[PDB]
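Visitor: Just passing along the structure, written as structure tokens.
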Amino acid sequence: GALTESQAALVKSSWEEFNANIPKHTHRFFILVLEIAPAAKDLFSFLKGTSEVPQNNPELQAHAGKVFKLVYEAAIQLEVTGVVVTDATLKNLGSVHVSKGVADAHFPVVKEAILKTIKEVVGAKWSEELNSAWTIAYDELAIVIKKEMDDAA
Ligand code: HEM
């Protein structure tokens, strides 16, 4: 697809729509996670010991926000520049994943959980051209973190 001017305009537009409601989209995101894969619950300090996904836990909100930000920034950088750039932060991300017991097979879990979350966020504006654009940008960003975990292992 590439990332045409017209595609990037479509991710930016759809991210601004996500951030517009963090405590919803983020608790949704964690439920789509636990639907796709229930065991994933023991991983999260803030979910351990609990029985249901807390809805106002700051630890959880802060966590999930940071995750979508990072995917959007990735799409812009792909249309301007043509790439996703690996920095200190992605590197540290890879460390903390490993300490907590996270593996690669866990990633399509969190992708489908983000596509399905953005398809839920944009609703009728949804196009092929836009699904194509978020897929490209997640795939391109996961390639980069998985890279850094393998390296923290
Ligand atoms: C491109 C995709 C991904 C991005 C951008 C991302 C981003 C992040 C960030 C930024 C943190 C640190 C949050 C903090 O310091 O507050 C974190 C922690 C963590 N992540 Fe991910 N992540 C991704 C995929 C995954 C996957 C597939 C899993 C496995 C289900 C996972 C499991 C965890 C766990 C257990 C923690 C530790 C949280 C703790 O116990 O408090 N992440 N992630």
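A note on labels: chains of the structure tokens are A, B, ... as shown, every chain counts residues from 1, and ligands are counted from 1 in their shown order.
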Which residues, written as a compact mmCIF listing (two decimals) with N, CA and C atoms, in the first residue's frame, have at least one atom at most 12 Å from residue A:19, with only C-alpha atoms counted and residues fewer than 3 positions away on the same chain left out?
Guide:
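For reference, selection-v3.txt as written:
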# COMPACT_ATOMS: atom_id res chain seq x y z
N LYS A 12 -3.62 9.19 11.41
CA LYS A 12 -3.50 10.28 12.38
C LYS A 12 -4.78 10.64 12.87
N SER A 13 -5.64 10.75 11.87
CA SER A 13 -6.94 11.04 12.14
C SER A 13 -7.61 9.99 13.14
N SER A 14 -7.47 8.73 12.87
CA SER A 14 -8.01 7.60 13.74
C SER A 14 -7.29 7.50 15.20
N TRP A 15 -6.09 7.86 15.30
CA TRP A 15 -5.43 7.96 16.69
C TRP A 15 -5.89 9.08 17.56
N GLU A 16 -6.15 10.19 16.82
CA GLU A 16 -6.63 11.27 17.64
C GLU A 16 -7.93 10.87 18.20
N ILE A 22 -9.10 7.53 26.89
CA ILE A 22 -8.20 6.59 27.45
C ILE A 22 -8.81 5.57 28.46
N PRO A 23 -9.60 5.92 29.38
CA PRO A 23 -9.98 4.88 30.48
C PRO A 23 -10.95 3.87 29.87
N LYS A 24 -11.76 4.31 28.81
CA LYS A 24 -12.51 3.34 27.99
C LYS A 24 -11.73 2.48 27.08
N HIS A 25 -10.98 3.13 26.12
CA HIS A 25 -10.40 2.38 25.07
C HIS A 25 -9.40 1.43 25.72
N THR A 26 -8.70 1.84 26.86
CA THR A 26 -7.66 1.03 27.53
C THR A 26 -8.18 -0.20 28.38
N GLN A 61 -4.06 2.24 33.06
CA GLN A 61 -4.34 3.35 32.03
C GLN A 61 -3.14 3.98 31.36
N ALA A 62 -2.19 4.20 32.31
CA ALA A 62 -0.95 4.69 31.86
C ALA A 62 -0.29 3.70 31.00
N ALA A 64 -1.57 1.10 28.99
CA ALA A 64 -2.29 0.94 27.62
C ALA A 64 -2.23 2.19 26.59
N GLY A 65 -2.25 3.35 27.23
CA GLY A 65 -2.00 4.64 26.44
C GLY A 65 -0.70 4.75 25.73
N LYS A 66 0.33 4.35 26.52
CA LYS A 66 1.62 4.37 25.99
C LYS A 66 1.69 3.41 24.78
N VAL A 67 1.03 2.27 24.95
CA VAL A 67 1.01 1.26 23.80
C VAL A 67 0.43 1.81 22.35
N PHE A 68 -0.64 2.45 22.42
CA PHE A 68 -1.25 3.04 21.10
C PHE A 68 -0.52 4.27 20.51
N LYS A 69 0.16 4.94 21.48
CA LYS A 69 0.90 6.12 21.04
C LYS A 69 1.98 5.78 20.16
N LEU A 70 2.66 4.78 20.70
CA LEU A 70 3.77 4.33 20.06
C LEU A 70 3.43 3.77 18.59
N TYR A 72 0.89 4.70 16.43
CA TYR A 72 0.63 5.98 15.60
C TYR A 72 1.82 6.78 15.16
N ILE A 118 -9.35 -0.16 17.14
CA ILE A 118 -9.46 1.00 16.11
C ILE A 118 -10.70 0.84 15.17
N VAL A 121 -13.09 2.06 17.57
CA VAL A 121 -12.95 3.50 17.66
C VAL A 121 -13.55 4.22 16.31
Visitor: Chain A near ligand 1 within 8 Å: what's each residue's closest atom pair and its distance in Å to one decimal, counting only C-alpha atoms and all ligand atoms, ordered by chain then ascending residue number, as JSON lines?
Guide:
{"residue": "A:33", "atom": "CA", "partner": "ligand 1", "partner_atom_place_in_ligand_line": "30 (C)", "distance": 7.6}
{"residue": "A:40", "atom": "CA", "partner": "ligand 1", "partner_atom_place_in_ligand_line": "30 (C)", "distance": 5.9}
{"residue": "A:43", "atom": "CA", "partner": "ligand 1", "partner_atom_place_in_ligand_line": "35 (C)", "distance": 4.5}
{"residue": "A:44", "atom": "CA", "partner": "ligand 1", "partner_atom_place_in_ligand_line": "40 (O)", "distance": 4.2}
{"residue": "A:45", "atom": "CA", "partner": "ligand 1", "partner_atom_place_in_ligand_line": "40 (O)", "distance": 4.2}
{"residue": "A:46", "atom": "CA", "partner": "ligand 1", "partner_atom_place_in_ligand_line": "41 (O)", "distance": 6.2}
{"residue": "A:59", "atom": "CA", "partner": "ligand 1", "partner_atom_place_in_ligand_line": "16 (O)", "distance": 6.9}
{"residue": "A:60", "atom": "CA", "partner": "ligand 1", "partner_atom_place_in_ligand_line": "16 (O)", "distance": 7.9}
{"residue": "A:62", "atom": "CA", "partner": "ligand 1", "partner_atom_place_in_ligand_line": "16 (O)", "distance": 6.0}
{"residue": "A:63", "atom": "CA", "partner": "ligand 1", "partner_atom_place_in_ligand_line": "16 (O)", "distance": 4.4}
{"residue": "A:64", "atom": "CA", "partner": "ligand 1", "partner_atom_place_in_ligand_line": "8 (C)", "distance": 7.4}
{"residue": "A:66", "atom": "CA", "partner": "ligand 1", "partner_atom_place_in_ligand_line": "10 (C)", "distance": 5.1}
{"residue": "A:67", "atom": "CA", "partner": "ligand 1", "partner_atom_place_in_ligand_line": "5 (C)", "distance": 4.1}
{"residue": "A:68", "atom": "CA", "partner": "ligand 1", "partner_atom_place_in_ligand_line": "5 (C)", "distance": 6.5}
{"residue": "A:69", "atom": "CA", "partner": "ligand 1", "partner_atom_place_in_ligand_line": "5 (C)", "distance": 7.5}
{"residue": "A:70", "atom": "CA", "partner": "ligand 1", "partner_atom_place_in_ligand_line": "5 (C)", "distance": 5.3}
{"residue": "A:71", "atom": "CA", "partner": "ligand 1", "partner_atom_place_in_ligand_line": "5 (C)", "distance": 6.2}
{"residue": "A:93", "atom": "CA", "partner": "ligand 1", "partner_atom_place_in_ligand_line": "9 (C)", "distance": 5.9}
{"residue": "A:96", "atom": "CA", "partner": "ligand 1", "partner_atom_place_in_ligand_line": "18 (C)", "distance": 6.3}
{"residue": "A:97", "atom": "CA", "partner": "ligand 1", "partner_atom_place_in_ligand_line": "20 (N)", "distance": 5.5}
{"residue": "A:100", "atom": "CA", "partner": "ligand 1", "partner_atom_place_in_ligand_line": "35 (C)", "distance": 5.1}
{"residue": "A:101", "atom": "CA", "partner": "ligand 1", "partner_atom_place_in_ligand_line": "35 (C)", "distance": 6.8}
{"residue": "A:102", "atom": "CA", "partner": "ligand 1", "partner_atom_place_in_ligand_line": "29 (C)", "distance": 4.9}
{"residue": "A:103", "atom": "CA", "partner": "ligand 1", "partner_atom_place_in_ligand_line": "29 (C)", "distance": 6.7}
{"residue": "A:104", "atom": "CA", "partner": "ligand 1", "partner_atom_place_in_ligand_line": "27 (C)", "distance": 6.7}
{"residue": "A:105", "atom": "CA", "partner": "ligand 1", "partner_atom_place_in_ligand_line": "27 (C)", "distance": 7.3}
{"residue": "A:106", "atom": "CA", "partner": "ligand 1", "partner_atom_place_in_ligand_line": "27 (C)", "distance": 4.3}
{"residue": "A:107", "atom": "CA", "partner": "ligand 1", "partner_atom_place_in_ligand_line": "27 (C)", "distance": 3.6}
{"residue": "A:108", "atom": "CA", "partner": "ligand 1", "partner_atom_place_in_ligand_line": "27 (C)", "distance": 7.0}
{"residue": "A:109", "atom": "CA", "partner": "ligand 1", "partner_atom_place_in_ligand_line": "27 (C)", "distance": 6.1}
{"residue": "A:110", "atom": "CA", "partner": "ligand 1", "partner_atom_place_in_ligand_line": "27 (C)", "distance": 4.9}
{"residue": "A:111", "atom": "CA", "partner": "ligand 1", "partner_atom_place_in_ligand_line": "2 (C)", "distance": 7.3}
{"residue": "A:138", "atom": "CA", "partner": "ligand 1", "partner_atom_place_in_ligand_line": "1 (C)", "distance": 5.9}
{"residue": "A:139", "atom": "CA", "partner": "ligand 1", "partner_atom_place_in_ligand_line": "1 (C)", "distance": 7.7}
{"residue": "A:141", "atom": "CA", "partner": "ligand 1", "partner_atom_place_in_ligand_line": "1 (C)", "distance": 5.3}
{"residue": "A:142", "atom": "CA", "partner": "ligand 1", "partner_atom_place_in_ligand_line": "1 (C)", "distance": 4.3}
{"residue": "A:143", "atom": "CA", "partner": "ligand 1", "partner_atom_place_in_ligand_line": "1 (C)", "distance": 7.9}
{"residue": "A:145", "atom": "CA", "partner": "ligand 1", "partner_atom_place_in_ligand_line": "1 (C)", "distance": 6.6}
Visitor: For the residues selected in the previous step, produce a file with C-alpha atoms as a PDB file, in the first residue's frame.
Guide:
ATOM      1  CA  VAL A  33      -6.707  -9.139  25.232  1.00  0.00           C
ATOM      2  CA  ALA A  40      -2.396 -13.563  29.981  1.00  0.00           C
ATOM      3  CA  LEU A  43       1.393 -11.341  33.774  1.00  0.00           C
ATOM      4  CA  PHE A  44       0.136  -8.058  34.850  1.00  0.00           C
ATOM      5  CA  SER A  45       0.941  -6.923  38.697  1.00  0.00           C
ATOM      6  CA  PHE A  46      -2.007  -4.963  38.556  1.00  0.00           C
ATOM      7  CA  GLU A  59      -1.353   1.789  36.599  1.00  0.00           C
ATOM      8  CA  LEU A  60      -3.401   0.051  33.879  1.00  0.00           C
ATOM      9  CA  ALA A  62      -0.948   4.688  31.857  1.00  0.00           C
ATOM     10  CA  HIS A  63       0.253   1.411  30.693  1.00  0.00           C
ATOM     11  CA  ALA A  64      -2.294   0.944  27.620  1.00  0.00           C
ATOM     12  CA  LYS A  66       1.625   4.371  25.989  1.00  0.00           C
ATOM     13  CA  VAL A  67       1.011   1.262  23.798  1.00  0.00           C
ATOM     14  CA  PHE A  68      -1.251   3.045  21.098  1.00  0.00           C
ATOM     15  CA  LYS A  69       0.904   6.117  21.039  1.00  0.00           C
ATOM     16  CA  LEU A  70       3.770   4.331  20.056  1.00  0.00           C
ATOM     17  CA  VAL A  71       1.841   2.641  17.017  1.00  0.00           C
ATOM     18  CA  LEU A  93      10.803  -1.888  26.374  1.00  0.00           C
ATOM     19  CA  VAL A  96      10.916  -5.112  30.839  1.00  0.00           C
ATOM     20  CA  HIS A  97       8.984  -7.532  28.529  1.00  0.00           C
ATOM     21  CA  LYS A 100       7.781 -10.153  33.135  1.00  0.00           C
ATOM     22  CA  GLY A 101       7.505 -13.409  31.280  1.00  0.00           C
ATOM     23  CA  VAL A 102       6.177 -12.003  27.620  1.00  0.00           C
ATOM     24  CA  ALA A 103       6.888 -13.996  24.447  1.00  0.00           C
ATOM     25  CA  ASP A 104       6.504 -13.203  20.460  1.00  0.00           C
ATOM     26  CA  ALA A 105       3.365 -15.337  20.256  1.00  0.00           C
ATOM     27  CA  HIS A 106       1.826 -12.952  22.555  1.00  0.00           C
ATOM     28  CA  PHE A 107       2.029 -10.060  19.742  1.00  0.00           C
ATOM     29  CA  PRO A 108      -0.780 -11.156  17.249  1.00  0.00           C
ATOM     30  CA  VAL A 109      -2.779 -11.135  20.575  1.00  0.00           C
ATOM     31  CA  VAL A 110      -2.187  -7.519  21.243  1.00  0.00           C
ATOM     32  CA  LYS A 111      -2.489  -6.649  17.150  1.00  0.00           C
ATOM     33  CA  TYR A 138       1.690  -2.172  14.020  1.00  0.00           C
ATOM     34  CA  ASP A 139       3.390  -4.730  11.978  1.00  0.00           C
ATOM     35  CA  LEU A 141       6.449  -1.306  15.111  1.00  0.00           C
ATOM     36  CA  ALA A 142       6.289  -4.940  16.470  1.00  0.00           C
ATOM     37  CA  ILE A 143       8.935  -5.929  14.187  1.00  0.00           C
ATOM     38  CA  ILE A 145      10.231  -4.410  19.810  1.00  0.00           C
TER      39      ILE A 145
END
Visitor: I'd like to know which of A:79, A:42, A:120, A:52 is closest to residue A:133, using only C-alpha atoms.
Guide: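 Looking only at the distances to residue A:133, the closest residue turns out to be A:79.
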Visitor: Contacts of residue A:136 at 9 Å or less, counting only C-alpha atoms, minus same-chain residues fewer than 6 places along, as an MDAnalysis selection string?
Guide: chainID A and resid 1:3 75
Visitor: With N, CA, C and O atoms kept, could you save the residues just selected as a PDB file, in the first residue's frame?
Guide:
ATOM      1  N   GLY A   1       0.751  -1.222   0.000  1.00  0.00           N
ATOM      2  CA  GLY A   1       0.000   0.000   0.000  1.00  0.00           C
ATOM      3  C   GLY A   1       0.805   1.310   0.000  1.00  0.00           C
ATOM      4  O   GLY A   1       0.471   2.281  -0.824  1.00  0.00           O
ATOM      5  N   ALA A   2       1.912   1.208   0.795  1.00  0.00           N
ATOM      6  CA  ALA A   2       3.009   2.145   0.982  1.00  0.00           C
ATOM      7  C   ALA A   2       2.961   2.974   2.285  1.00  0.00           C
ATOM      8  O   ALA A   2       3.958   3.118   3.045  1.00  0.00           O
ATOM      9  N   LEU A   3       1.982   3.692   2.306  1.00  0.00           N
ATOM     10  CA  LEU A   3       1.839   4.882   3.159  1.00  0.00           C
ATOM     11  C   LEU A   3       1.861   6.238   2.360  1.00  0.00           C
ATOM     12  O   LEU A   3       2.834   7.001   2.305  1.00  0.00           O
ATOM     13  N   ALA A  75       3.418   5.135  12.227  1.00  0.00           N
ATOM     14  CA  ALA A  75       2.733   5.388  10.842  1.00  0.00           C
ATOM     15  C   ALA A  75       3.140   6.715  10.118  1.00  0.00           C
ATOM     16  O   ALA A  75       3.305   6.842   8.790  1.00  0.00           O
TER      17      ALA A  75
END
Visitor: Could you check which of A:17, A:5, A:35, A:151 is closest to residue A:90, using only C-alpha atoms?
Guide: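 Going through A:17, A:5, A:35, A:151 one by one, the smallest distance to residue A:90 is for A:151.
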